[PDB]
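All of the numbers you see were taken from the coordinates with simple rules; none came from a lab. Cβ placement follows ideal geometry from the backbone for every residue including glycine, while neighbour counts extend to all protein chains displayed.
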Amino acid sequence: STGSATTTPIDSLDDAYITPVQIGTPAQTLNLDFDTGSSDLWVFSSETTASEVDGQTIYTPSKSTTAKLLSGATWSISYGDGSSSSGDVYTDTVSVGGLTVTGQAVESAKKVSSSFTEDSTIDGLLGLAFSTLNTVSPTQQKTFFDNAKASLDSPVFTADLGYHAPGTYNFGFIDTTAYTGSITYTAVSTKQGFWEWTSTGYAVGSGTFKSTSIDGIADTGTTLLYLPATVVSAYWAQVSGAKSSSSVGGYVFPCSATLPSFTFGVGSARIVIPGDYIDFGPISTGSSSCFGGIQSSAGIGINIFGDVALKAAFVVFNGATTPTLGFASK
């Protein structure tokens with residue numbers, strides 16, 4: 001089997017992407033944030049504290065003839081940005097782009113943090129990291145991909161995120177029309193539960209490529225590109241007037257600037273992030289100080305190839321017995 005679904009930016013900055021997901025019988029369609037940095041499929045629901053729901057579409061398990069309470073199961077998750085959610089668990093039928101999993105764990109939120117309430121466009125998350133990170137207790141549950149894998153034509157999914165435009169998540173096949181050149185595959189460590197890999201270096205604008213190993217994670221659920229302080233300083237030094245602002249929480253730059261591109265290495269291959277992908281707009285409405293899309297990972301504890309990086313590529317998440325990651329230009 002295969003599936004294919006369009007993923008759409010939630011706003012004009014590509015802060016996140018939402019993908020429609022059918023849950024239950026009859027289907028209830030929710031728009032979920034597909035997150036290769038976590039492993040829980042959780043949703044706003046009829047069980048979510050009413051004051052914490054503000055415009056989201058909810059899953060109502062009592063209206064699904066295929067929903068079953070997973071007795072005794074609870075979940076609770078905290079994300080790198082400080083947000084969190086928790087609740088109980090149902091199993092139900094879940095379909096993405098025509099690909100159906102029966103008995104998928106659907107984690108129903110009883111509580112969500114303010115950041116989730118305040119974002120009316122995201123109805124929940126669909127985790128695509130390794131199932132070892134799933135938070136369900138006392139019996140850990142499998143991701144949608146893990147459940148689908150054996151049935152897929154090939155045990156893969158691909159992320160093709162757009163810049164200021166829709167893109168695609170495919171399951172079970174590689175669309176050879178969706179990228180240019182070849183896909184370069186690179187080794188993955190699953191030791192921390194992430195799609196963790198090592199970039200071979202970087203360049204800033206038309207500058208020389210610096211060969212250096214950068215361990216990090218491919219994370220569709222993180223907006224920005226978080227890299228070591230040395231690398232980030234080298235980038236922003238090429239932007240007149242750019243500075244790190246402790247008050248704002250990262251590098252800012254004059255909105256009048258033209259940003260240089262940023263290149264990262266995948267083996268001997270190179271992915272070029274155009275300068276415009278690195279602009280996250282005014283820090284507050286009407287400001288002429290703009291927020292940068294490349295930020296330091298210092299104190300995160302891990303480098304993160306978030307949407308800024310991934311949207312410059314066609315990315316293969318290969319879930320074969322030994323997983324790997326592939327990147328192509330597009």
Listed by chain and number, the residues whose amide H is under 5 Å from that of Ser45, excluding neighbours fewer than 5 places away on the same chain and using placed H, are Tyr59, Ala109
Let a ≥ b ≥ c be the square roots of the eigenvalues of the Cα gyration tensor of the stretch 5-174; is it rounded (a/c under 1.5), or, if not, prolate (a/b larger than b/c) or oblate? rounded
Spelling out what I want: for every residue of the stretch 318-330, take phi, set θ = phi - 60°, compute 6.51 cos²θ - 1.76 cosθ + 1.60 (Karplus), and round to whole Hz; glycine and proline get x. 8, x, 4, 3, 9, x, 9, 10, x, 10, 10, 5, 8
Selection from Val43, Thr200, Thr25 lying farthest towards where the dipole of the chain points positive, charges on Cβ: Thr200
Assigned charges on the beta-carbon of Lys, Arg, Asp, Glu; the stretch 200-330 dipole about Cα centre (debye): 180 debye
Starting from the Cα gyration tensor of the stretch 73-177, take the square roots of the eigenvalues, sort them a ≥ b ≥ c, and report rounded, prolate or oblate (rounded when a/c is under 1.5, otherwise prolate if a/b is larger than b/c, else oblate). oblate
Along the positive direction of the dipole of the chain (beta-carbon charges: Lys, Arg +1; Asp, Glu -1; about the Cα centre), which of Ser131, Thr321, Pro282 reaches farthest? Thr321
Grab the other residues whose beta carbon is less than 15 angstrom from that of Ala312, score K and R as +1, D and E as -1, and report the net. -3
Could you give each residue of the stretch 78-92 its phi-based ³J(HN,Hα) in whole Hz, using Karplus coefficients 6.51, -1.76, 1.60 with θ = phi - 60°, and x for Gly or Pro? 10, 9, x, 8, x, 7, 6, 6, 7, x, 10, 9, 10, 9, 6
Taking amide H atoms as placed 1.01 Å from N in the peptide plane, list the residues 5 or more away in sequence, or in a different chain, whose amide H sits under 5 Å from that of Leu99. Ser4
In order through the stretch 249-261: 3J(HN,Hα) via Karplus (6.51 cos²θ - 1.76 cosθ + 1.60), integer Hz, x for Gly, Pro: x, x, 6, 10, 8, x, 5, 6, 6, 9, 7, x, 5
Most mobile of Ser78, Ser233, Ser131 per a Gaussian network model of the chain (Cα springs, under 10 Å)? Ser78
Chain lengthening between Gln238 and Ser62 when straightened (0.36 nm per residue, less Cα-Cα): 57.7 nm
Cα gyration tensor shape of the stretch 227-330, rounded if a/c is under 1.5, else prolate or oblate by comparing a/b with b/c: prolate
Report the extension gain between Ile10 and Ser71 in nm, rounded to one decimal, defined as 0.36 nm multiplied by the number of residues separating them, less their alpha carbon distance. 18.5 nm
Using the Cα centre of the chain as the reference point, and only Cβ charges (+1 on K/R, -1 on D/E), how large is the resulting charge dipole? Debye, rounded to the nearest 20. 640 debye
Expected sort for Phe173, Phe130 with the fewest Cβ neighbours (10 Å cutoff) up front is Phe173, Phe130
Sorted by mean Cβ packing within 10 Å, highest first, what order do the peptides 296-304, 214-222, 195-203 take? 214-222, 195-203, 296-304
